[PDB]
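First up is the structure itself, then whatever we jot down about it.
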There are 2 protein chains.
Amino acid sequence: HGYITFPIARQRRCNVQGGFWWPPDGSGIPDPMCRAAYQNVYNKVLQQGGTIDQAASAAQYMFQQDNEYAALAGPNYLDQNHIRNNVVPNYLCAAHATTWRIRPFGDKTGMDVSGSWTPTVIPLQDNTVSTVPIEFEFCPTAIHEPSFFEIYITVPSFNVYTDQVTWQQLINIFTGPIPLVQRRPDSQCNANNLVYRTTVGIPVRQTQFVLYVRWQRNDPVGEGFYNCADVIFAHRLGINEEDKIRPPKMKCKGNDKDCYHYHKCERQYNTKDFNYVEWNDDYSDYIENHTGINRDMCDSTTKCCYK
Amino acid sequence: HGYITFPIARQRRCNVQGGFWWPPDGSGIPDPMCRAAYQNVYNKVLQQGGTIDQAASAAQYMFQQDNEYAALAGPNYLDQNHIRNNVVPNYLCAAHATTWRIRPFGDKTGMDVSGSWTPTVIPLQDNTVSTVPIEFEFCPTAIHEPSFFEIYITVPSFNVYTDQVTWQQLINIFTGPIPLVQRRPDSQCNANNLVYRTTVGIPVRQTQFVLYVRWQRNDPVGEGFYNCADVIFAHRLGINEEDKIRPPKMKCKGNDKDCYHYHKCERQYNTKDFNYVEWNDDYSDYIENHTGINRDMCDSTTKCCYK
Ligand SMILES: [Cu+2]
Ligand SMILES: [Cu+2]
Ligand SMILES: [Cu+2]
Ligand SMILES: [Cu+2]
């Protein structure tokens, strides 16, 4: 049993943020996607004749069981067609848990809804880099060996706002065993002394993307843990350095001088010759009145009457 | 002569925002990309032996001449290979003005640097829409007819932070004459009573993109105006509606009630069971210490000495 602590898995973040224990309808969950996830399972059970308690039980079970986003593969766990067609054919972020009445693995399908899932924001120091090394940290709440990991990235055409994660959309970037190592004092995992850590060069994405992590046990039961991790690269601001023309080393003079281990934690855009704040509020109204299917076309200039 | 007023052209926004008249080194320009653009031309002239005045003249000429981002095609203006190989082969956002000593069209190459160019933010009401209708508004400061427009969009693999705009990266979405119409009272153009307005269904992009607008005169001189427009679609937040399970219509009772024409202009994420602000500041440090080429690997746990 376990989950991704870095980059934090989708269900791990929903669990740690809380607000899901009470009120039972999940209205106390601050993150909107964690809330939708919860309320989808809650409303599903309500539709299927479950009581408020069975509905709040099924939804809280999805959040609480963040170390058990699992599926059993059996002894045939290396058979890729059996994983993709039988073990986890769909509901990948839920590790294919679709039955609220049956535990394990209950119903975790709420974790597969699409929308503005909160990502791990990784900043870019150079916007031209092809890959970004990420040191993954998988938190084992229960120690299991022998085992192996599989790390996937979504294809560049994936859209987290509208799409469900599918195998046809995932690119394998890591396959193999990850040895168990002692957690660092700064570890995001607080279960036991051990973690799984590995460095993966993550292909740079210009959009929010998903990292798929499968932790598979090499054993006849074939239990595997499947977790989705929402990530985004933040671009560096300013000119791309490779285009920056630097001035020659110069020494100037004249009566007018304007002629020549801790870090830091819109009226700035106004100048003496332009009021940006006023213009940009009018420019925002322009965007609203002149974009979309309901934009102004003729009504502001055309009058009509029935003959 | 003219420029795009909606979505505002890259050079039009740099001109209207000001701060470029004084100090002459462009240090008074608030937008970082408008500043880099200016300072690239200023530093180019300085490198080529120009004085501070010739350098400040060439850079201010680029900003001031926002209605003259032009190139002459001659009588062969419908010959696409002649436009792309002879008239505007490169420096597309500058309309191929590369000579600071020669006016027209001077040097406007600063407008073709890559980086965090400020876009026109168009919000999405539905993240599943394929196209967004935009009502373009081209501001003619000088009236010319006969003429035609060409509107292009960058391919989805374009990256404004690193790439120069090329014809091999542009997709034609509009070709033809746009009739001259009376400006609306809310017009972004303040030159004369007339504007060019057209509706284009803009293919949705998940990234910041460029809109290329060519205004070509049908005449033996063959003067055309070429402008880049930086745009981005803002995604709607929350669950994708097509995945939202709604509860059945219910009427509940019990002693515990928690069991059941003008618009509006992080401690919110904390709950009674979790302190988000503290966790997320530690999570930010984790990202910094465990991503990139300088991440912590062995130094926090390994000690060495020279035998
Ligand atoms: Cu286990
Ligand atoms: Cu420092
Ligand atoms: Cu003109
Ligand atoms: Cu309203």
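Of all residues in region B:182-202, one or more are surrounded by fewer than 18 Cβ atoms within 10 Å (Cβ to Cβ), acidic (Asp, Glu) and within 21 Å of residue A:282 (Cα to Cα).
I'd like the full set of residues that are in a strand (DSSP E or B), more than 7 Å from every other protein chain (Cβ to nearest Cβ) and of a type in the set (A, V, I, L, M, F, W, C), limited to region B:122-145.
B:136, B:138, B:139
Here is a check on your reading of the model: is residue B:84 in a helix (DSSP H, G or I), away from ligand 4 (no atom under 16 Å from the Cβ) and more than 19 Å from the chain's Cα centre (by Cα)? Yes, satisfied. Residue count for region A:18-27, restricted to those that are facing another protein chain (nearest Cβ under 7 Å) and either buried (at least 24 other Cβ atoms within 10 Å of the Cβ) or of a type in the set (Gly, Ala, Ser) (or both): 2. Considering (1) in a strand (DSSP E or B); (2) more than 16 Å from ligand 3 (Cβ to nearest atom), the lone condition that residue B:148 does not fulfil carries the number (2). In region B:1-14, the residues that are farther than 18 Å from residue A:287 by Cβ and more than 12 Å from every other protein chain (Cβ to nearest Cβ) reach residues that are away from ligand 1 (no atom under 16 Å from the Cβ) and of a type in the set (D, E, K, R) with C-beta atoms within less than 8 angstrom, at least six apart or across chains, in these pairs: B:1/B:68; B:11/B:66; B:11/B:108. Among the residues of region A:80-112, those that are farther than 24 Å from residue A:149 by Cβ and surrounded by fewer than 21 Cβ atoms within 10 Å (Cβ to Cβ) comprise A:98, A:99, A:101, A:102, A:103.
Of these, B:238, B:224, B:201, which one is on the phi > 0 side of the Ramachandran plot and either out of contact with any helix residue (DSSP H, G or I) (no Cβ under 7 Å at 6 or more places or on another chain) or of a type outside the set (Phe, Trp, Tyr) (or both)? Outline the logic, then answer.
Numbers: B:224 fails: on the phi > 0 side of the Ramachandran plot; B:201 fails: on the phi > 0 side of the Ramachandran plot.
Going through B:238, B:224, B:201 in turn, the sole match is B:238.
Out of everything in region A:246-296 that is more than 28 Å from residue B:23 (Cβ to Cβ) and among the β-branched types (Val, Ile, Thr), what residue ends up being farthest from ligand 3 (Cβ to nearest atom)? Here the residue is A:293. Report whether or not residue B:163 is within 17 Å of the chain's Cα centre (by Cα) and assigned to a loop (DSSP other than H, G, I, E, B). Spelling it out, residue B:163 is indeed within 17 Å of the chain's Cα centre (by Cα) and assigned to a loop (DSSP other than H, G, I, E, B). Here is the figure for region A:232-258: residues that are among the β-branched types (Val, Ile, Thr) and more than 7 Å from chain B (Cβ to nearest Cβ) total 1. If I ask for residues that are touching an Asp or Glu at 6+ places or on another chain (Cβ under 9 Å) and within 26 Å of residue B:92 (Cβ to Cβ), which ones from region B:178-199 would you list? Matches in region B:178-199: B:180, B:188, B:189, B:195, B:196, B:197, B:198, B:199. If you filter region B:259-304 down to residues that are under 19 Å from residue A:12 (Cβ atoms) and of a type in the set (A, V, I, L, M), you find that the one that is nearest to the other protein chains (Cβ to nearest Cβ) is B:287. Taken over region B:1-51, residues that are assigned to a helix (DSSP H, G or I), within 30 Å of residue B:199 (Cβ to Cβ) and charged (D, E, K, R) amount to 3. Within region A:120-132, residues that are exposed (fewer than 14 other Cβ atoms within 10 Å of the Cβ) have Cβ atoms under 7 Å from residues that are part of a strand (DSSP E or B) and of a type in the set (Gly, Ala, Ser) in these pairs: A:131/A:201, counting only partners at least 6 apart in sequence or on another chain.
Being more than 16 Å from ligand 4 (Cβ to nearest atom) and small (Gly, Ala, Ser) is the requirement here; does residue A:292 meet it? Criteria not met by residue A:292. In the list A:212, A:306, A:269, A:283, which residue meets the criterion of being under 30 Å from residue A:113 (Cα atoms) and either loosely packed, with under 11 Cβ neighbours inside 10 Å or of a type outside the set (S, T, N, Q) (or both)? Exactly one residue qualifies, and that residue is A:212. In region A:40-81, how many residues are among the charged types (D, E, K, R), within 14 Å of another protein chain (Cβ to nearest Cβ) and over 22 Å from the mean Cα position of the chain (by Cα)? Result for region A:40-81: 2.
Just so you know, all these numbers are worked out from the coordinates, no wet-lab data involved. Cβ sites come from the backbone with ideal geometry, for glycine too, and all protein chains shown count toward neighbours.
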